Amino acid sequence: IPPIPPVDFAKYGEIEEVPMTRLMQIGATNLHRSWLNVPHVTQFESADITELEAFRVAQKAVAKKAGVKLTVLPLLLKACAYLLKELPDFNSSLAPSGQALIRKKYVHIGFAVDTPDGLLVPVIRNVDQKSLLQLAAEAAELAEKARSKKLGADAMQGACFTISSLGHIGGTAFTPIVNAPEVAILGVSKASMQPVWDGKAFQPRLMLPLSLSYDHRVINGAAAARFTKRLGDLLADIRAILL
Amino acid sequence: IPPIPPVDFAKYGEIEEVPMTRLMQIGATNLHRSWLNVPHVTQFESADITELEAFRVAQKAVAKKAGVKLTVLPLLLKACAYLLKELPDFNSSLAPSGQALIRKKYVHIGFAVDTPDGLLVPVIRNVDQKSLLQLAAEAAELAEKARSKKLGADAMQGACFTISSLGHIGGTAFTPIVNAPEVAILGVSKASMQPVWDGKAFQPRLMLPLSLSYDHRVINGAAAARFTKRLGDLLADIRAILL
Amino acid sequence: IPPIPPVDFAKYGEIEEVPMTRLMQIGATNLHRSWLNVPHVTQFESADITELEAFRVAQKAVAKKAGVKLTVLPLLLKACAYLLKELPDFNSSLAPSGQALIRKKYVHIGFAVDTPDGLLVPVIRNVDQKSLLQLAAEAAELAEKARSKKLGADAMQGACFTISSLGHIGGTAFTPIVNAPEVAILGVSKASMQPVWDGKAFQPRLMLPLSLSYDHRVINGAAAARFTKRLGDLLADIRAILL
């Protein structure tokens with residue numbers, strides 16, 4: 001690939017050099033490797049989380065009594081786990097012959113934590129088997145270790161899918177980069193109140209913005225519009241996971 | 001481009017290998033070729049199809065009497081055909097010297113069909129000369145042949161532009177990949193009822209989401225914001241095609 | 001990168017060759033160079049410009065008396081200048097060792113002008129030090145020179161960040177390409193009236209669509225969701241720049 005020409009930036013004014021951490025340089029290399037290998041598409045969708053939200057908030061006592069704080073991330077992790085098992089191509093990786101998929105029969109999901117040193121993506125194993133408060137607690141531990149540079153490489157390995165949530169900061173949607181060799185990543189932006197047509201009139205519903213990026217070699221456009229659709233359906237009534 | 005490191009995925013749990021069809025491998029190669037050659041931009045827009053929809057629905061008898069089902073795709077195809085002739089740079093391809101455009105004086109448009117074996121993009125020739133019921137019928141034939149693997153390569157050649165519609169499944173918008181050597185592709189997602197400001201109050205209008213991806217070497221940002229704008233204008237009053 | 005196979009396009013109908021201007025070929029080369037070097041992400045956000053708009057419109061007399069027309073672009077330029085100084089990583093470039101950032105202590109911002117010959121991106125120097133009417137006037141001069149091919153390379157050099165506005169034509173959002181070696185670019189699409197929830201009911205607010213694309217090697221997802229958030233906050237009350 002042609003390089004970018006160097007510019008003497010100091011011809012235009014004062015400059016200062018600050019160096020990158022090795023975490024950032026590792027990070028920079030991997031993103032560029034994914035960017036060039038994965039033909040990326042993003043599928044946007046909004047889920048109605050009005051009821052999910054009222055549930056989250058009523059279980060505040062139970063969570064506090066268990067010592068965990070129940071955020072939106074365990075609810076996202078449970079639902080993507082159920083779906084990664086209904087739609088197995090999302091839980092797979094392209095074999096290096098490029099002529100096969102390796103479908104994983106396990107569901108371990110990573111989630112992005114932004115730390116001062118750079119980006120880390122701890123992994124929760126067998127998300128499909130843990131409960132909302134187990135996932136709430138584990139998520140919080142991995143993120144605290146991650147921030148304290150006390151996370152060990154063992155826990156950054158073998159994920160099947162990544163959730164990257166910026167809802168806690170803002171924005172309307174974004175286009176995340178697939179964390180190759182995985183095949184998809186969910187971005188979650190900020191929920192806001194919205195008018196949704198009910199057949200007769202517009203009702204305020206709390207809408208969550210989802211941005212699924214996928215490896216289009218492996219997932220076609222209709223499989224991914226169906227993944228965001230099923231996820232929107234599950235988050236609108238999480239009891240369907242019971243079925 | 002650096003390759004992705006292989007991972008022994010079975011260290012993390014049980015895996016299973018399923019092989020890709022040759023259609024998928026062809027598909028995978030072509031997308032990656034476009035991804036690396038085309039600097040991609042997507043321009044989003046929403047068109048007001050409230051009246052187009054009421055027309056579609058009133059011609060249900062005429063269509064049924066003609067044996068066709070009149071969906072949204074013939075109306076999209078007629079309008080993009082008219083526009084591919086008003087704005088000729090969208091109907092052209094970059095010559096291999098990279099120093100010229102080859103403007104096509106014909107309008108043949110392809111449309112994406114997702115089949116079990118993989119993605120196929122049959123082509124309708126001289127879309128600019130056929131009528132809504134001729135396009136309705138032909139679209140349906142090509143898609144049925146496509147699904148039955150009875151489509152022959154002759155009909156997958158020489159398109160000028162691609163429409164990729166996921167409206168029948170869901171989602172809010174996506175960023176399609178340009179089907180090189182063409183220079184643009186329209187993605188169409190699901191229509192939903194929306195409040196649109198009329199000067200005084202918000203009126204529910206049925207809005208169609210459009211996502212135009214284009215080859216920015218050949219099309220600049222203002223030409224493409226003008227293409228989605230004209231298309232939104234045409235779909236809001238398709239009689240302007242008569243003019 | 002594999003090339004695209006040539007097609008005899010004339011097998012399908014009449015074709016015509018029109019040649020590209022050297023400006024377009026320069027343009028084509030640079031975009032492709034950025035596309036392949038920068039792992040791109042776009043962060044979308046909407047800012048409430050209801051009050052900014054009413055201010056713009058009341059200073060119409062002052063602007064007319066000064067000979068300038070006060071559009072939205074000087075207000076965008078002042079705010080991005082303030083922010084490029086609050087969040088310095090956005091005002092920096094990756095050193096060619098790839099192991100350091102060069103933080104620029106100056107703020108010069110470029111803005112995209114689409115001319116018949118192709119795209120030009122004149123630069124305003126020390127945007128942080130000029131006023132809304134100085135920026136209004138200079139912006140207009142550079143664009144007129146740009147359209148008249150009377151712009152000299154001196155004024156297309158050493159920008160820190162780019163604004164690309166298509167609001168004057170239309171659309172809902174787009175994904176601009178980073179103008180490497182800069183690290184981010186703001187796309188601005190068309191403002192429209194929207195229902196925004198106020199705690200109790202929906203109020204019509206004039207919303208401006210922002211699309212920030214960034215070089216993810218250098219900027220992480222949370223730094224960019226925070227940039228669009230602060231910008232949305234500043235445009236909603238531009239007096240915060242006084243603070």
Side-chain angles (χ1 to χ4, degrees), chain A residues 1 29 32-46 88-89 92-98 100-108 125-126 157-160 173 175 180-181 195-197 199 201-202 209-210 212-213 216-218 220-226 228-230 232, chain B residues 1-21 24-25 27-36 40 42 44 112-115 118-119 164-177 187 189-190 192-195 202 204 206 209 211 213:
Chain A
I1 59 189
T29 292
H32 203 359
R33 220 214 301 280
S34 302
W35 182 249
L36 288 185
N37 279 91
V38 183
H40 289 67
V41 177
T42 298
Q43 169 58 61
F44 300 101
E45 180 62 279
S46 298
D89 293 337
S92 72
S93 297
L94 197 58
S97 29
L101 289 88
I102 288 155
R103 272 142 67 146
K104 299 184 203 184
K105 305 291 197 182
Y106 45 102
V107 181
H108 309 147
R125 305 279 161 103
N126 305 298
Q157 259 169 224
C160 311
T175 55
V196 179
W197 180 246
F202 284 113
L210 306 163
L212 179 82
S213 287
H216 195 357
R217 298 177 296 180
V218 180
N220 50 277
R226 193 183 312 290
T228 50
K229 207 249 177 53
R230 283 291 287 153
Chain B
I1 59 189
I4 295 294
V7 188
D8 201 313
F9 292 117
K11 304 184 200 292
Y12 303 106
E14 257 244 283
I15 60 165
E16 172 184 61
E17 291 177 47
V18 296
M20 288 185 100
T21 61
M24 261 175 263
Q25 302 166 248
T29 292
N30 296 339
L31 296 162
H32 203 359
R33 220 214 301 280
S34 302
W35 182 249
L36 288 185
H40 289 67
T42 298
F44 300 101
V113 174
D114 287 294
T115 98
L119 175 78
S164 175
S165 176
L166 301 180
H168 64 117
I169 295 169
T172 264
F174 61 117
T175 55
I177 289 179
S189 301
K190 192 203 173 77
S192 71
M193 203 85 197
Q194 306 258 282
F202 284 113
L206 178 68
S211 309
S213 287

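The basis for the numbers below is simple: all heavy atoms, side chains too, and nothing from hydrogens, waters or symmetry mates. Proteins come first, then strands; the chains are lettered A, B, ... in the order of their sequence lines, and each starts at number 1.
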Residue list, ring pair (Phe, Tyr, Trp, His ring centres under 6.0 Å) with B/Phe9, at least two apart or on another chain: none
Side chain / backbone / both / neither for A/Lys104 at chain B, heavy atoms under 4.5 Å: both
- request: Identify, with sequence neighbours excluded, every residue that meets ring pair (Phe, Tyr, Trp, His ring centres under 6.0 Å) alongside A/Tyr106.
  value: A/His108
- prompt: Is there side-chain contact between A/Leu94 and B/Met20, with at least one heavy-atom pair below 4.5 Å?
  reply: yes
4.5 Å side-chain heavy-atom contact, A/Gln157 and B/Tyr12: yes
field: Closest contact, heavy atoms only, B/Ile169 versus A/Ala222
entry: CD1-CB, 3.5 Å
query: Quick one: of A/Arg33, A/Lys229, A/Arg217, who has the most non-hydrogen atom pairs under 4.5 Å with chain B?
result: A/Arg33
task: Measure A/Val38 against the heavy atoms of chain B and call it side chain, backbone, both or neither at under 4.5 Å.
output: backbone
query: How long is the gap from CD on B/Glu17 to OG on A/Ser97, to the nearest 0.5 Å?
result: 7.0 Å
B/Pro2 and A/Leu36, any side-chain heavy atoms less than 4.5 Å apart: yes
Interatomic spacing from NE2 in A/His32 to CD1 in B/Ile1 - rounded to 0.5 Å: 10.5 Å
field: Minimal non-hydrogen separation, B/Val18 against A/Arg103, with atom names
entry: CG2-CD, 3.5 Å
message: Restricting to non-hydrogen atoms, name the atom on B/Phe174 and the atom on A/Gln43 that form the minimum distance, rounded to 0.1 Å.
response: CB-OE1, 3.7 Å
- request: Against chain A, work out which of B/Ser34, B/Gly171, B/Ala173, B/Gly187 has the most heavy-atom pairs shorter than 4.5 Å and name it.
  value: B/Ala173
- prompt: Any side-chain heavy-atom pair from A/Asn220 and B/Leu119 closer than 4.5 angstrom?
  reply: no
- request: Among the options A/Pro195, A/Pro181, A/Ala224, A/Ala180, pick out the one with the most heavy-atom pairs lying under 4.5 Å from chain B.
  value: A/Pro181
query: Is the backbone N or O of A/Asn37 less than 3.5 Å from a side-chain atom of B/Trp35, with the two atoms forming a donor-acceptor pair by type?
result: no
- request: Working to the nearest 0.5 Å, report the span between CH2 of A/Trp197 and CG of B/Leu206.
  value: 10.5 Å
- prompt: Side chain, backbone, both or neither: which part of B/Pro209 has an atom under 4.5 Å from a heavy atom of chain A?
  reply: neither
query: Any salt bridge between A/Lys105 and B/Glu16, counting N to O under 4.0 Å?
result: yes
message: When you compare the side chain of A/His40 with that of B/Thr175, does any pair of heavy atoms fall below 4.5 Å?
response: no
